[PDB]
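S.K.: Just passing along the structure, written as structure tokens.
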Amino acid sequence: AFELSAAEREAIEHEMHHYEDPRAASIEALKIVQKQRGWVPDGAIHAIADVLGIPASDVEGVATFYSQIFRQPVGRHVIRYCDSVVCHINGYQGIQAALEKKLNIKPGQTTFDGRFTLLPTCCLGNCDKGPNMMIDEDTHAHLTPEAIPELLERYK
Amino acid sequence: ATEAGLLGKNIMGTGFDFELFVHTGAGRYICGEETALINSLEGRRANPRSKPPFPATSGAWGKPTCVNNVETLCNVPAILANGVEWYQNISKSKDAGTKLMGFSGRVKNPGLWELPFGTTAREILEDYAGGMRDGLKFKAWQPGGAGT
Amino acid sequence: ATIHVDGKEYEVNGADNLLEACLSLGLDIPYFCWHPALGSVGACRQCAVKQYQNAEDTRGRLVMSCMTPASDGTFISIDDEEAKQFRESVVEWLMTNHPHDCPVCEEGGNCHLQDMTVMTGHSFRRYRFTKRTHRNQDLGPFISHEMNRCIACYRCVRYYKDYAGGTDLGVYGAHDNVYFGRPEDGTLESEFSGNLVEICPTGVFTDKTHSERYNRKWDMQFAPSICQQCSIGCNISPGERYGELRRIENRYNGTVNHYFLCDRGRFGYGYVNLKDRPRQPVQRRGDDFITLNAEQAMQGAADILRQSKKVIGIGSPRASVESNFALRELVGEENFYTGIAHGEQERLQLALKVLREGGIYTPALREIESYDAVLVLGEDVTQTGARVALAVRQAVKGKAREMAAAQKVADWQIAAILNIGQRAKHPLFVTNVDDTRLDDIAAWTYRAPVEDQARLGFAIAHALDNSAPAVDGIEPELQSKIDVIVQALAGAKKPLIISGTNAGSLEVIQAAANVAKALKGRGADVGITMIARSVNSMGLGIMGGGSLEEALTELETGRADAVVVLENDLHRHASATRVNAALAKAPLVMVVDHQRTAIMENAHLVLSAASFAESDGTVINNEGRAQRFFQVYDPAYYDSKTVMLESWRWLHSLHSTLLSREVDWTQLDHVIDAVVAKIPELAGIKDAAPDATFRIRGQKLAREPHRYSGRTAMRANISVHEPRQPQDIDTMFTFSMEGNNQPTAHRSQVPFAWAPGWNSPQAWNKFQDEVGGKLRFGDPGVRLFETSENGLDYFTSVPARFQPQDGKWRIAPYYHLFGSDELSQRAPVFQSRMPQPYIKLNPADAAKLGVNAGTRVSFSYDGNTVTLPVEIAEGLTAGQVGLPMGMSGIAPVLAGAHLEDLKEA
Ligand code: SF4
Ligand code: SF4
Ligand code: SF4
Ligand code: FES
Ligand code: FES
Ligand SMILES: [Ca+2]
């Protein structure tokens, strides 16, 4: 049971205006649906395939190819902590252990209430201020494991 | 820039029309490759393409398409304003220009500094990064990101 | 171009890549992702060869032989240590996550991955960690899905999307978690999904119909045959085991059906393995049912035939040329009746007249893929002649191929071909009563009744050449569309016009002929293509005879007291009540057929004929190419009680016993010589295949592979004494492995593809002069007629505009791929695939009747108030009712007929 709203459809069409192919707005269409609904459900793939005219298999391949186009339900906030080499030298494992101790889950799982979804991510492009962590729209640098509980209370 | 006559139709009155867009990616490492960047720009999966044909002839939507890094496009206006022989007279090295170098990872002052080519890697570690931190020794280094 | 492999100088074609350049010469390079028809993508990285640019070069470079052009002066090494080690490493990397599933796999002994694992000499496993697994999707009744066996070679997505045009199969996933399938579970709705069981190198996509009653490849007894499910006549390899037809495989014909079949011809074989089929001759005395063998049945039939004043024969477009000729010579030239109706025979005669008299070269199916602009008038190709639709898709993508070739891109760089040609494609203009499956690539689709489609064709023909008869009364919007089609067709270089007898009208064929003549008059290499209904419609039209109405009125008037019905159900071309009355009126009905037809209750004698798997014969496809189909097995080997013979053999023995009171079982060569003697215009069927005396260095051709198993135990349940193997006196093949099946033998009829080290369907590479091109020593089957020196005139009888009469409803034919064939709908696997019978209505006419979708509307045609649920068709024109042809109780003869008393009930 899915139906695109007015704002999502108008934004999708405006993204089709930017290119010479309606296929090229598929990634931004999926990002619009992810922004509105938290993730991309099953009917959204067919709705985007209907508005763009491309096959639904293409939309499914694009949606499942990219990591930050979520195809499964997430919590209220998605924590994306960096696990790459520079933050490993800076010790991201302490922050991962702190988040595992606080949220009492594993990387990739969601809490029973649906508050935080903990996920590793690639390099955040801020390696000089490592280690970093990207919550939904905010990046955090110079992290310490003791500041994790104080950091997680700013997202109810 | 579009408001003040620098982007759009009839830029400055020369007769050149240029439209600039921002395509925000969906977070895949392989999207940085030029042919895979072209593939992801067209809304497909970011699989790279065979070369030849190179993107300069048949690139984005089969059209001539040139893919450049941000730092190259930031280097070009200094060349176009201050001249060519001035750009060739920055450092006495075969690779002309200035590169944004810097050391990172358990150093005293990690950061980003614009240095000419030919500066030794010890100078970036010592004069700018300050060397290793308190109680640390140096074992190895890697010049050009993770793929080096 | 000249290349050097290991110091050997080879002359190659310089426009080709190195992989099939070496594969043409017989040089073995392992490969997964490359296909001769799809192209090269450089995915599997298995085709590595070490390239040198100088004659004195030590290092070289490991280059992809499917991605490197075979230019003049390349020194490549295949058996070098570095290249062999890298190929073994690639095989090992593909073998890291592969499951331990080979015994329980449907492609064991038919696996490409097995051949390339043994070819590289990799047998030691040092990988010790876990293997990734995947779930499976329910892809429908045809395709069994097992994703664990995949190697991510991207052939399925490439074929299904860039070749077949399908939209439901795609590539999803991640780095190593790559998935290949649908976004959900459900049936693969493409009409060419069946070729995935041979495109896929591994056992991911497998034949579920074969997987039901499964046997290995070496257990199969193969034969070369021609697919009987429609008029295209794609060459197939039926393979049987234990007395039942097991699997229809693709057979390489470089001119017709090179690498791809369709699903109706690949999965529609289930009617052969029905237990309701007559296997012995059965005679009726009143209500008593007795079984005879051949001799007493022949003698009794000859006695009753002698005790009648006139014996008439009703043939069929489903039966072969020899069987119809045997019926014609049994009943006389003037008393032979074609089983089709008057309208179908009129359309068939017109199509044959345009083909062999119109002066326009009709192309073969391989030649269709090179034509520029395609105009389809009336014919719904994708549901009747689906392979022509696939070739139409190829001819449409030919424009992007042309722009790619103009930019100095080689033809095997398929990724660059779709890269340059983003959405630009050749013009395709299809006309039908509703939306087609070719609408995704068609430049225009005209949804109109057959009169308006014919008038559109006449308008195109007049606007090309002003000497053509003009039609007056066209709206200016349709006139602008006419002008667009005219500008597209006149500016092309190889226009193609596709029509057929499935449109249900004669003026559509006349308009298509006029368009082809107008294109020919402007100096263009124009081709035409008529798609017939049944497999041997063209041969029956060439031979000729009366219509079914004349035979029925001879039976009803009393002048025919004996009728022989050869392989006809008689309800497909006439009403059931009239046929039942004319058969109960006749005092002798003799039905010679291999299927339990509905008229066998009225039959005084039932003769168990043989189907395509158990009979030899010749069939004429829709382009006039005579093709010989051979026997797969003797039905009497396992069930010794079974008296099941060829229909031409039945009729010839009956003719001999009627004349000289002796039973003479003839040979196929004698009947072939009789056809080419009595009928000058069927003389080409002698050259369709060589006679039974043809030998390859003294020995025959094997129907089963050299490692056929269980000879001394497959019949040990009946008797421990293994009998003599059956002898094939009709053809050059034998029911044994004591025969020749080498890839270098001087023959054209290949039962199956096998080479040492090549067990997959990719073993067809050894049977061709060049890989992907024609078959070695020529393709089988010859054209019956050539192009005439001069052509027909302009067909002047234009039709009128469709005005919907009140009360009467014109029946619009809605052909389906699964259900419109007489024999394919009898297959039990098609009952879970065919759609429900819906009558299709305009929204305006449904609102006028007050009926909504889902409710039942009853319609009466000749005293049959049959109810059907309603589907709404927006594209259907007002005043028509959409009916599916070939279904239960709805004959294809209903096309164009009226329909009174259409009320909600
Ligand atoms: S696909 Fe081939 S290698 Fe894989 S399990 Fe089946 S037979 Fe074995
Ligand atoms: S499913 Fe088969 S055809 Fe598709 S990528 Fe995997 S091995 Fe290749
Ligand atoms: S297109 Fe016709 S002849 Fe060819 S495989 Fe399909 S049903 Fe058989
Ligand atoms: S390595 Fe973590 S921000 Fe770059
Ligand atoms: S056959 Fe060349 S890389 Fe696959
Ligand atoms: Ca025989």
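Protein chains in written order, with this note's numbering: chain A, -9 to 146; chain Z, 63 to 210; chain C, 28 to 932.
Even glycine gets a Cβ: it sits at the ideal position worked out from N, Cα and C.
#1: For chain A, find out if any of its Cβ atoms is closer than 8 Å to the Cβ of residue 892 of chain C; answer yes or no.
#2: Can you tell me which residues fall inside 7 Å of ligand 4, judged by beta-carbon distance to its nearest heavy atom, and keep chain order?
#3: Can you find the residues in the same chain that come closer than 6 Å, C-beta to C-beta, to residue 276 of chain C, ignoring five residues on each side of it along the sequence?
#4: Within the present structure, is the beta-carbon of residue 787 of chain C separated from the nearest heavy atom of ligand 5 by less than 7 Å?
#5: Using beta carbons (cut-off 8 Å, strictly below), is residue 48 of chain A in contact with chain C?
#6: Would you kindly check if the distance between the Cβ of residue 51 of chain A and the Cβ of residue 107 of chain Z is under 8 Å?
#7: Which value, in whole angstroms, describes the spacing of the CA atoms of residue 981 of chain C and residue 112 of chain Z?
#8: State yes or no: is the beta carbon of residue 141 of chain C nearer than 8 Å to at least one beta carbon in chain Z?
#9: Is any non-hydrogen atom of ligand 3 found closer than 7 Å to the C-beta of residue 284 of chain C, if you look at the structure I gave you?
#10: Take the Cβ of residue 594 of chain C as the centre, count every other Cβ of all protein chains shown within 10 Å, and call the residue buried at 16 or more, exposed below.
#11: Have a look at residue 380 of chain C and residue 814 of chain C and give me their C-alpha separation to the nearest angstrom.
#12: Select from the stretch 146 to 174 of chain Z all residues with a C-beta closer than 8 Å to any C-beta belonging to chain A, and list them in chain order.
#13: Would you decide whether residue 29 of chain A is buried or exposed? Buried here means 16 or more other CB atoms lie within 10 Å of its CB.
#14: Are the CB atoms of residue 41 of chain C and residue 97 of chain C nearer to each other than 8 Å?
#15: In the DSSP assignment, find the alpha helix (DSSP H) that holds residue 137 of chain Z and state where it starts and stops.
#16: For residue 196 of chain C, go through chain A and note every residue whose CB falls closer than 7 Å to its CB, in chain order.
#17: How would you list, in chain order, the residues of chain C whose beta-carbon sits under 7 Å from the beta-carbon of residue 35 of chain A?
#18: Contact defined as beta carbons within less than 8 Å: I believe residue 93 of chain C pairs with residue 67 of chain C. What is the distance between those atoms, to the nearest angstrom?
#19: Any heavy atom of ligand 1 within a distance shorter than 7 Å of the CB on residue 84 of chain C?
#20: Quick check: the Cα distance between residue 57 of chain C and residue 112 of chain C, rounded to an integer number of angstroms?
#21: Taking DSSP's pairing of strands, which residues face residue 907 of chain C in a bridge?
#22: According to the neighbour-count rule (16 or more other Cβ atoms, all chains shown, within 10 Å of its Cβ), is residue 707 of chain C buried or exposed?
#23: Return the chain-ordered ranges of every beta strand (DSSP E) run that is complete within the stretch 274 to 317 of chain C and spans a minimum of 3 residues.
#24: Looking at C-beta atoms only, is the number of pairs between the stretch 323 to 341 of chain C and the stretch 363 to 372 of chain C that lie closer than 8 Å three or more?
#25: Secondary structure at residue 589 of chain C, three-state DSSP: helix, strand or coil?
#26: Helix, strand or coil: which one does DSSP assign to residue 37 of chain C?
#27: Does any residue of chain C have a CB that is nearer than 8 Å to the CB of residue 51 of chain A?
#28: Please report the distance separating the alpha-carbon of residue 726 of chain C from that of residue 766 of chain C.
#29: My guess is that residue 256 of chain C and residue 851 of chain C are in contact by the Cβ rule of under 8 Å, so how many angstroms apart are they, rounded?
#30: Does ligand 3 have even one heavy atom less than 7 Å from the beta-carbon of residue 289 of chain C?
#31: Can residue 67 of chain C be considered in contact with ligand 7, in the sense that its beta carbon sits closer than 7 Å to one or more heavy atoms?
#32: Can you pull the chain Z residues whose beta carbon is under 7 Å from the beta carbon of residue 447 of chain C, in chain order?
#33: Quick test of your reading: residue 56 of chain A and residue 184 of chain Z, contact by CB under 8 Å. State the CB separation rounded to the nearest angstrom.
#34: Do three or more CB pairs link the stretch 535 to 553 of chain C to the stretch 473 to 489 of chain C at distances below 8 Å?
#35: Distance cutoff 8 Å, beta carbons only. Does residue 101 of chain A sit that close to anything in chain C?
#36: Just to confirm the assignment: which complete beta strand (DSSP E) runs, minimum length 3, are found wholly within the stretch 337 to 375 of chain C?
M.R.: In this structure, then:
#1: No, residue 892 of chain C lies away from the interface with chain A (no Cβ there is under 8 Å from its Cβ).
#2: A:72, A:74, A:75, A:76, A:77, A:113, A:114, A:115, A:116, A:117, A:120, A:121 and A:122
#3: Sequence-distant Cβ neighbours of residue 276 of chain C in its own chain, meaning closer than 6 Å and more than five residues away, are 264.
#4: No; taking the cut-off as 7 Å, the Cβ of residue 787 of chain C has no heavy atom of ligand 5 nearer than that.
#5: yes
#6: Yes.
#7: Shown here, chain C extends from 28 to 932; a query on residue 981 of chain C therefore has no answer.
#8: no
#9: yes
#10: Label assigned to residue 594 of chain C: buried.
#11: 12 Å
#12: 164, 166, 167, 168, 172, 173 and 174
#13: By the 10 Å Cβ count, residue 29 of chain A comes out buried.
#14: Yes, these two residues count as a Cβ contact at 8 Å.
#15: 132 to 144
#16: 47
#17: The contacting residues are 210.
#18: Yes, residue 93 of chain C and residue 67 of chain C are in contact; Cβ-Cβ is about 4 Å, under 8 Å.
#19: no
#20: Going by the C-alpha atoms only, they are around 12 Å apart.
#21: C:837
#22: exposed
#23: 309 to 312
#24: At 8 Å Cβ cutoff, the stretches touch.
#25: strand
#26: Note: residue 37 of chain C maps to strand in three-state DSSP.
#27: yes
#28: 6 Å
#29: 5 Å
#30: yes
#31: Only ligand 1, ligand 2, ligand 3, ligand 4, ligand 5 and ligand 6 can be found as ligands here, which leaves ligand 7 out of the picture.
#32: 120 and 124
#33: Residue 56 of chain A to residue 184 of chain Z, Cβ: 41 Å. No contact.
#34: yes
#35: no
#36: 338 to 341
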